[PDB]
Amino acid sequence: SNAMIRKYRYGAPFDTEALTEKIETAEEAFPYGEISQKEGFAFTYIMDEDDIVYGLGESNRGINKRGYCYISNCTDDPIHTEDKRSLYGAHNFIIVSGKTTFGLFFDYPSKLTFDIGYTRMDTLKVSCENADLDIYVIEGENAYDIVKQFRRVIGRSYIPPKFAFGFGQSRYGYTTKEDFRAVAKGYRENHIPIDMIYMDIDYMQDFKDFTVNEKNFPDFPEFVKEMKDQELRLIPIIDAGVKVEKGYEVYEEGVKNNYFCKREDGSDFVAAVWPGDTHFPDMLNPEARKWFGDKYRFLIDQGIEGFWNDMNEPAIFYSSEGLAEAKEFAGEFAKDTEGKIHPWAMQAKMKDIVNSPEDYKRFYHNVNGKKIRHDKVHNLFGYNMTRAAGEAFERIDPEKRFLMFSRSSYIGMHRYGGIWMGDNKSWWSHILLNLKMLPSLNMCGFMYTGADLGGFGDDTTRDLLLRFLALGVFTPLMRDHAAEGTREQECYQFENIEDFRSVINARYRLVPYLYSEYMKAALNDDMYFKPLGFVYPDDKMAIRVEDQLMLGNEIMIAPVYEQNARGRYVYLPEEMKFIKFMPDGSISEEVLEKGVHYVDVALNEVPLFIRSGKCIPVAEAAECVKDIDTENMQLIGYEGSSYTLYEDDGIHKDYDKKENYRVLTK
């Protein structure tokens, strides 16, 4: 069993349950580089100058990770600039690819530093404070094989309901029924396809998890039905923090049953987030997990079929301890007359209390009757929150798939939900960031993923949103989302709405193909998006391409990500058909041979490339997933080619039936 994977154990590792496959502890010396326990733990490896390093799932910068530093330490940071070392995810899988090729999974739940050529260009160094971890070494002939080995042992990826392959609209600010009705009307009356509207935190009663503002929604199930009758499914948010409030059932049950994270003295740790003071459910405690997950029944019973989990790093605006320190410092500042306490020292203190490393040392988890300080298992919180929900869905309705995705994650969580790429910005560079994160996430098991289209923070423009949407066409999560106070970002808020209808039409025409590829990849522990080097390993030009991706085994995508651009350069590793969905509803095709090309792609055109000897089915445009006609779709691509289409009811879990597959021949 497991010939190509070995597990090297150091110290007394916390069981993260990342792997579903049990691997015995190897007894020989670590097989690559050098291991040191002199100062905590460190792995050091000298790379060949041609080596490529893949992996790290949701992390900064590019597909080839060489040339910077990455720290796995789930952090709420809304400014994703090139300098940042830590985002929301901790995905500790890397592959060194070159003359010598191997994969490593560092199963460690705390702060883990990947120095990938940052300090010295030839040096890979992975280090942490405590030598209590399992390291899995995965052997293979090439990077792709190694990923496929890893994907097997971590267990099958989460599978969403088919409606989740539609388009979704979201905004931090939708509050009332009139707000949601205006979104519904803005899309439906302009014939723009859409299947989901997300409800952000304002739908709750005073930000209380598992409540609904009954002044705004006096009969919430009727409203959910009003929307669902128009094939619009409401997707509400759930946050990590449970408001401290007398008589609020979730809070009262958590205190009484000791389901919250505690301080050293056993009192319930107070974290201030949106509701003000809150407690955090002890996500690492099975009983607390079951309790918290069960609460989703509150919304499910009202007709809700999907959720998103937010703030689950967990984010902290301040603790009671931090606020007191802050107010004391402020007092000294206010009465200084000697210029001893400067305004930036005050400013620094205010910043310091947010997501404070000290705060993460102030609370504990109850695991196996043992108290574990949170910092030591920090990266497992978001993971276990989403696990709580996922495990509850199986108890609540085991026949049914629910839409579920989370902000923070760790490998293992991919079994229970997807992720969205968090708080990006209305920056052109974030289209590229969205693109590059995709294959890396697929390597670590996270297939259902995407970014806030148009950009979350700051102000978008008509053309940025259109180019963002055109990449979104291909990402399983396709959601336009925007921050409070930003320029309105709904498709109907711009001139010439027909261009938005055109781009989102392309998504819906491609839904049968994209869903089919997702399912075939998920069911077979394979990738939906792949770097070119996985498909064309013998092409030195191909292995270094980072702004094109292969999807399934049929197509390649290459989005435009420059403002004012009317096309872009591409490298084709084999002959392909260059395809564009045109604003008049037609599909243009042009055969292009292997090599470098500049392709013209207008703002309202959606491009893709179909590989030699392949074809894909394309449906006529429909305005919701339910209405897509998959009976005799048109086949686009090469004569003589065939395609195996996976199709099921999109709702239940009857995956292994011959009726789910049909061969289409062009």
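Note that residue numbering begins at 1 and tracks the sequence as displayed.
Of the two stretches examined, 271-279 and 448-456, the record assigns the greater average C-alpha temperature factor to 271-279.
Checked against the record, the higher mean CA B factor of 626-634 and 609-617 lies with 626-634.
Based on the entry's C-alpha B-factors, the most elevated value among 437, 511, 104, 367 belongs to 367.
Among 350, 471, 556, 465, the highest C-alpha B-factor recorded in the PDB entry belongs to 350. Among all modelled residues in its chain, residue 36 ranks in the highest third by Cα B-factor. Residue 54: CA B factor in the lowest third of modelled residues in this chain (values from the PDB entry).
Residue 240: CA B factor in the middle third of modelled residues in this chain (values from the PDB entry). Among the modelled residues of its chain, residue 132 has a C-alpha B-factor that falls in the highest third, as given in the PDB entry. Per the PDB record, residue ranking by Cα B-factor puts residue 603 in the middle third of the chain.
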